[PDB]
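These notes are about the structure you will find just below.
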Amino acid sequence: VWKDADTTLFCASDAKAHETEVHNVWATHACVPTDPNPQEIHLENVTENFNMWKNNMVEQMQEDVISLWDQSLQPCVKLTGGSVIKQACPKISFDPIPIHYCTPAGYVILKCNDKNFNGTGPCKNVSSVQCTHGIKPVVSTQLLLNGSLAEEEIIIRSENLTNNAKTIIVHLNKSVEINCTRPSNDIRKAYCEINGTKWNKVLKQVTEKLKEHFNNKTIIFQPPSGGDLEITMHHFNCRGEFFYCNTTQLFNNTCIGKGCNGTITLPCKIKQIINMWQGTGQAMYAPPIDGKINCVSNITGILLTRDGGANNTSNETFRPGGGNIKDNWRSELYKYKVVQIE
Amino acid sequence: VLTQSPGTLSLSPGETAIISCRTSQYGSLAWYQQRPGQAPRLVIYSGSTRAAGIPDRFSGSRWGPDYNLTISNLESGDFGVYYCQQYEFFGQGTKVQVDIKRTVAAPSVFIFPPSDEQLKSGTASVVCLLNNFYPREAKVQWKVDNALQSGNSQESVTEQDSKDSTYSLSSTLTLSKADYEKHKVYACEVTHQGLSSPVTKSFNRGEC
Amino acid sequence: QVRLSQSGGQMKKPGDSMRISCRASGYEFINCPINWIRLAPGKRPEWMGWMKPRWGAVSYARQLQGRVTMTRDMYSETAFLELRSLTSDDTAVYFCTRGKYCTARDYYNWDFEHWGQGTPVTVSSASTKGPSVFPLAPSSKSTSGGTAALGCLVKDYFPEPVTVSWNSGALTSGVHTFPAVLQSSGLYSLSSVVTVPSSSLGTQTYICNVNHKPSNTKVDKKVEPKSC
Ligand SMILES: *[C@@H]1O[C@H](CO)[C@@H](O)[C@H](O)[C@H]1NC(C)=O
Ligand SMILES: *[C@@H]1O[C@H](CO)[C@@H](O)[C@H](O)[C@H]1NC(C)=O
Ligand SMILES: *[C@@H]1O[C@H](CO)[C@@H](O)[C@H](O)[C@H]1NC(C)=O
Ligand SMILES: *[C@@H]1O[C@H](CO)[C@@H](O)[C@H](O)[C@H]1NC(C)=O
Ligand SMILES: *[C@@H]1O[C@H](CO)[C@@H](O)[C@H](O)[C@H]1NC(C)=O
Ligand SMILES: *[C@@H]1O[C@H](CO)[C@@H](O)[C@H](O)[C@H]1NC(C)=O
Ligand SMILES: *[C@@H]1O[C@H](CO)[C@@H](O)[C@H](O)[C@H]1NC(C)=O
Ligand SMILES: *[C@@H]1O[C@H](CO)[C@@H](O)[C@H](O)[C@H]1NC(C)=O
Ligand SMILES: *[C@@H]1O[C@H](CO)[C@@H](O)[C@H](O)[C@H]1NC(C)=O
Ligand SMILES: *[C@@H]1O[C@H](CO)[C@@H](O)[C@H](O)[C@H]1NC(C)=O
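Chains as they are written, first to last, in our numbering: chain A, 1 to 342; chain B, 343 to 550; chain C, 551 to 778.
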């Protein structure tokens, strides 16, 4: 017999000792090697409740990624709370590796394998594992990159859809590549390329799913209402550089209801002055590296907020969200929970 | 989506206020009190949970979609306007105001046709007066050629009289001159506890 | 102890913009959203939107989309509201609010335990318009055994208030001056009535004195029985 509980997990990875890359260096000292022959036990006649929005595994992963970033991406200048910290800021090797989280003795991770599981409630197919799958600690807003896909249908996730303050996670079942590039020879100017055909078909499927949760209302997409650039734009780090891309073209309502069939190119820019997601203030970095800077990623999820208000119209409006990086880990940790044996 | 009732409670200290709110969707419902000239205050949240500082005379209940705030043993500081809330949505409010008890008194009802001076303007106001009645609760309906009227009337009520503890009400039916000259019988119908039957006062346009 | 302090009240003309501030204290400012609620007399409270301090993420109420902007200053822990293209309907008392439950890890936005003290805002034209005063005449026959009702209708004035006396204040008994109502035209109107003995209708003169300070209007009107 077991019961839901929280404990201090440990980390596992395949970090290389010879690697100068940041995530590798961190995991070398913070994590243990992975198990070649993992052990998963499927539980019959066992039904368990899960809640991805109240999963303290998320809290611990958050602490780690913060620690990782603080000990790695040190700014030339750190502006926080009215004081200034001028450190050294050499360029780094930056490429997220998969991270497994595992339970100590006396504890074990229950895993939900319901193909249409939405994040909260009961689960029929429950298995017992020691570690999670390998999760890449990708920090981003608006789009979830390089994550896992939903097995069957597109899954809508929220702690409460009727609460306009709660973030919606859209979990895709087919990934769409986003190809971001800063060419060689304005150095800060960059761009992202997305296949308009694949994307708009996915986006259409997304609105169709959303209809199932919102009484067949008209589903309208809109740009973010306001906030800092990190959230009003698709913010992410590629090869150490901080990218800010404009996603207005990504959510074209015209294309989900001719001619947008082509290559979507998003205007991006590499900023050297950023707001730290760790939750401090501003950070200043060196200008981008020379040569072609390029990251091809899988768009595997979308972060949305839904418009509210004392209206009466039969259309629901959605806007790209994010900013709460804990949600990023929630999207990968949704099917896991820690339990203590007796 | 949130329907609060009644609009007004007229009660004496010591009595109990019963305020209801019907929601079209289940979820955490909260109740707020706004004292005159002061910021709203959280009284109840999650249906029945009392906020800190709120005495147990306040209690929230729920039957199906109907949530009720009951305030027992009304004190001076309890009067004001109350609101139910669910997420960003609020009820219309319930004004709980102090009422001084006296014997029932039927209203004296009067109707005033439009002035000839006003009829030169192009609009016609017909005024019905309900004088010196108790309790406050009263209904006034306008009838033009025996047709019930809706949306072309405004009421106004006095504060309870300091001396005789009665109320007085004024209802105004507003019509265009052309529209007014179309009909003959103008009547307002008053229902009130002091009346054994609804009382109608009326006049026929054109005749004195 | 959690506190929300708002900037002082102001008056505006239609078409203007407005900005108000809400300084927060007594808790970790980035952990919870700040909301803006406006209360107008005789209308439902209206949620305008929320703002999460961490990134300044905002959510505006549909019906205000385009007219409203919510910002924050992290250092001064102060939240800001801006509302553009003001009209009469924007006249209200504006509150900032924060939920009861707010930790570093979780919150519930909507149980508003914490309210700022409120910022009154009035939006109105500088224009004034004096009342039209129409008599509300008694009746036809003098019933020598009862009391009559008479008065005058004080219609289409702006802004508030008007006052009414009878016979230059000499007549007070039985007088009822009703609270004004706001008409669809955006102008105010009220009635003042008095009940008198029917026997005094052909003897006593009854004059309502209407005073409207904004339009600098004082008008006397004699209310007498119709002749037919
Ligand atoms: C649970 O597993 C059974 C056995 O394969 C499968 O038939 C069923 O579809 C699964 N349930 C869900 C919700 O995926
Ligand atoms: C997830 O499933 C649970 C259990 O059926 C349901 O109560 C909840 O509304 C669902 N949430 C979403 C976002 O579909
Ligand atoms: C992207 O998705 C493809 C298939 O959709 C997969 O083969 C590849 O490993 C993914 N890349 C990641 C997860 O970085
Ligand atoms: C993804 O899910 C949608 C329904 O949400 C479905 O129409 C589509 O076929 C799925 N695509 C897959 C499983 O590749
Ligand atoms: C990404 O786009 C660049 C041009 O912007 C192109 O040269 C490159 O081939 C693309 N990469 C992939 C993997 O498609
Ligand atoms: C976009 O993807 C489709 C496959 O879905 C492919 O046939 C098409 O060539 C792509 N467009 C471009 C411009 O590469
Ligand atoms: C994104 O680009 C569109 C393109 O016209 C522009 O109108 C919009 O202001 C941009 N948004 C941001 C946040 O820069
Ligand atoms: C959506 O697609 C249409 C047609 O290709 C285009 O005219 C419009 O500008 C697009 N909207 C954007 C890019 O925001
Ligand atoms: C996603 O993974 C690929 C390698 O699989 C990498 O090249 C790319 O930069 C990653 N994207 C981000 C945003 O880390
Ligand atoms: C959704 O919110 C209601 C109250 O607003 C709460 O009782 C319920 O448990 C919430 N649902 C989930 C799945 O968290």
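All residues carry an ideal CB built from backbone N, CA and C; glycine is no exception.
In DSSP terms, what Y577(C) is bridged to
As a first step, residue 577(C) is located in the third sequence; it is residue number 27 there, counting from the start. Partner(s): none; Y577(C) has no beta bridge.
Could you run through the region 425 to 437 of chain B and flag, in chain order, every residue whose CB is less than 7 Å away from some CB of chain A?
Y429, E430, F431
Does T120(A) come within less than 8 Å of chain C when only Cβ atoms are used?
For the purposes of this step, residue 120(A) is taken as the residue at position 120 of the first sequence. No, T120(A) does not count as interfacial toward chain C.
Let me know if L203(A) comes out buried or exposed under the rule of 16 or more other beta-carbons within 10 Å of its beta-carbon.
Along the first sequence, one-based indexing puts residue 203(A) at 203. Buried: at least 16 other Cβ atoms inside 10 Å.
Sufficient close CB pairs (3 or more, under 8 Å) joining the region 180 to 199 of chain A to the region 156 to 165 of chain A
no
Taking C-alpha atoms, which residue in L416(B), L353(B), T436(B), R392(B) lies nearest to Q346(B)?
Along the second sequence, one-based indexing puts residue 346(B) at 4. For the residues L416(B), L353(B), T436(B), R392(B), the minimum Cα distance to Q346(B) belongs to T436(B).
Taking 7 Å as the cut-off, is the beta-carbon of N118(A) closer than that to any non-hydrogen atom of ligand 2?
Position 118 of the first sequence holds residue 118(A). Flag set: Cβ of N118(A) near ligand 2.
Express the C-alpha separation of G592(C) and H234(A) in angstroms, rounding to a whole number.
Numbered from 1 along the first sequence, position 234 holds the residue referred to as residue 234(A). Numbered from 1 along the third sequence, position 42 holds the residue referred to as residue 592(C). In a straight line, the C-alpha of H234(A) is about 44 Å away from that of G592(C).
Whose CA, out of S352(B), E501(B), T365(B), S512(B), lies closest to the CA of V451(B)?
Within the second sequence, residue 451(B) is the residue found at index 109, counting from 1. Taking only the C-alpha atoms, the option nearest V451(B) is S512(B).
Based on Cα-Cα distance, which residue from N659(C), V773(C), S638(C) lies nearest to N759(C)?
For the purposes of this step, residue 759(C) is identified with residue 209 of the third sequence, where counting begins at 1. Out of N659(C), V773(C), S638(C), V773(C) has the C-alpha closest to the C-alpha of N759(C).
Just to confirm before moving on: does the CB-CB distance between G558(C) and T697(C) stay below 8 Å?
Working through the third sequence from its first residue, we reach residue 558(C) at position 8. Working through the third sequence from its first residue, we reach residue 697(C) at position 147. Going by C-beta atoms, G558(C) is not nearer than 8 Å to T697(C).
Comparing the C-beta of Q346(B) with each C-beta of chain A, is any distance below 8 Å?
In the second sequence, counting from the first residue as 1, residue 346(B) sits at position 4. Not closer than 8 Å to any Cβ of chain A, the Cβ of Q346(B) fails to qualify, so no.
Just tell me which of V84(A), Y101(A), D95(A), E153(A) has its CA closest to the CA of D114(A).
In the first sequence, the residue the question calls residue 114(A) occupies position 114. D114(A) has its Cα closest to that of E153(A), out of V84(A), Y101(A), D95(A), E153(A).
Looking at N51(A) and ligand 1, is the gap between the Cβ and the nearest heavy atom below 7 Å?
Here residue 51(A) is taken as the residue at index 51 of the first sequence, counted from 1. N51(A): no, Cβ never under 7 Å from ligand 1.
4-residue-minimum alpha helix (DSSP H) runs that sit fully inside the region 219 to 292 of chain A, ordered along the chain:
229 to 232
Relative to chain A, which residues along the region 587 to 601 of chain C have a C-beta separation below 9 Å, given in chain order?
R594, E596, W597, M598, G599, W600, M601
Interface flag, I274(A) vs chain C, CB-CB below 8 Å
Translated into positions along the first sequence, residue 274(A) becomes position 274. So no, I274(A) is outside the interface.
How far does the beta strand (DSSP E) with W660(C) in it extend, from its first residue to its last?
Here residue 660(C) refers to the residue found at position 110 when the third sequence is read from its first residue. Taken as a continuous stretch (DSSP letters only), the beta strand (DSSP E) holding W660(C) covers 657 to 665.
Which residues of chain C have a Cβ atom closer than 9 Å to the Cβ of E208(A), listed in chain order?
Against the first sequence, residue 208(A) aligns to sequence position 208. Those within 9 Å of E208(A) in chain C number zero; the least Cβ separation is about 23 Å.
Quick check: the Cα distance between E417(B) and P397(B), rounded to an integer number of angstroms?
In the second sequence, residue 417(B) corresponds to position 75, counting from 1. In the second sequence, residue 397(B) corresponds to position 55, counting from 1. Taking the straight line joining both Cα atoms gives about 11 Å.
Distance CB(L700(C))-CB(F684(C)) smaller than 8 Å
The count along the third sequence starts at 1 and reaches residue 700(C) at position 150. The count along the third sequence starts at 1 and reaches residue 684(C) at position 134. Taking 8 Å as the Cβ cut-off, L700(C) and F684(C) do not qualify as a contacting pair.
What three-state label does DSSP hand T8(A) in the structure shown?
The residue given as residue 8(A) occupies position 8 in the first sequence. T8(A) falls in the coil class under three-state DSSP.
Could you list which residues in chain C have their beta carbon closer than 8 Å to that of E459(B), in chain order?
One-based indexing of the second sequence puts residue 459(B) at position 117. Going along chain C in sequence order, the residues near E459(B) (Cβ under 8 Å) are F684, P685.
If you follow the alpha helix (DSSP H) that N200(A) is in, where does it begin and where does it stop?
Residue 200(A) sits at position 200 when you count from the first residue of the first sequence. Counting along the chain, the alpha helix (DSSP H) containing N200(A) begins and ends at 196 to 213.
Check whether the region 612 to 619 of chain C and the region 650 to 660 of chain C are in contact - that is, three or more C-beta pairs closer than 8 Å.
no
Output, in chain order, the set of chain A residues within a Cβ distance shorter than 9 Å of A611(C).
To locate residue 611(C), count along the third sequence from 1; it is residue 61. The contacting residues are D307, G308, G309, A310, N311.
DSSP state of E44(A) mapped onto helix, strand, coil:
Taking the first residue of the first sequence as 1, we reach residue 44(A) at position 44. Correct three-state label for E44(A): coil.
Going by beta-carbon coordinates alone, are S362(B) and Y425(B) separated by less than 8 Å?
Within the second sequence, residue 362(B) is the residue found at index 20, counting from 1. Within the second sequence, residue 425(B) is the residue found at index 83, counting from 1. Taking 8 Å as the Cβ cut-off, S362(B) and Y425(B) do not qualify as a contacting pair.
For the alpha helix (DSSP H) holding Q62(A), just list the boundary residues, first then last.
On the first sequence, residue 62(A) is found 62 positions in, with the first residue counted as 1. It spans 57 to 70 - the alpha helix (DSSP H) in which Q62(A) sits, taken as one unbroken run.
Compile a chain-ordered list of the residues in the region 147 to 178 of chain A whose CB is closer than 7 Å to at least one CB of chain C.
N164, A165
Nearest residue (CA-CA) to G226(A), options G134(A), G323(A), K86(A)
As a first step, residue 226(A) must be located in the first sequence, where it is residue number 226. Per the Cα distances, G323(A).
When you compare the CB of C778(C) with every CB in chain B, is at least one pair closer than 8 Å?
By 1-based counting over the third sequence, the position of residue 778(C) is 228. Yes, contact with chain B.
Just reading off the beta strand (DSSP E) that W605(C) is part of, what are its end residues?
Translated into positions along the third sequence, residue 605(C) becomes position 55. Per DSSP, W605(C) belongs to no beta strand (DSSP E) and is neither H nor E.
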